[PDB]
There are 2 protein chains.
Amino acid sequence: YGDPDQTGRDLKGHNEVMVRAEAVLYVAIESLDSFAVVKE
Amino acid sequence: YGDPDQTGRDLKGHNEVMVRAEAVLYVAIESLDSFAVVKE
């Protein structure tokens, strides 16, 4: 039901069905003097 | 689900729940000369 990803189309109006992948996480970086990268 | 507040914003496109409380009541008054009011 409803209208997720609000564009203006009901799921029961167009008979469409939504598929969801919710996940809340966190990313912390203690220091940056310890990582080296390789750029072109 | 849906958009109960009818402000466009749906409840699965903004990740928000709705808490609602509905009731049906009536108020009838047989008279008015049987009530006094203390006014400032």
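Here, each number is a calculation from the coordinates, and none is a lab measurement. Backbone-built Cβ (ideal geometry, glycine too); neighbour counts: all protein chains shown.
Kindly indicate whether any position in segment A:28-40 is out of contact with any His (no Cβ under 6 Å at 6 or more places or on another chain), closer than 22 Å to B:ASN15 by Cα and more than 14 Å from chain B (Cβ to nearest Cβ). Taking every residue of segment A:28-40 in turn, none turns out to be out of contact with any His (no Cβ under 6 Å at 6 or more places or on another chain), closer than 22 Å to B:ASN15 by Cα and more than 14 Å from chain B (Cβ to nearest Cβ). In a residue-by-residue description of segment B:16-27, the property of being free of Cβ contacts under 8 Å to residues at least 24 places away in the same chain, surrounded by fewer than 10 Cβ atoms within 10 Å (Cβ to Cβ) and of a type in the set (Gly, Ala, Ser) applies to at least one position.
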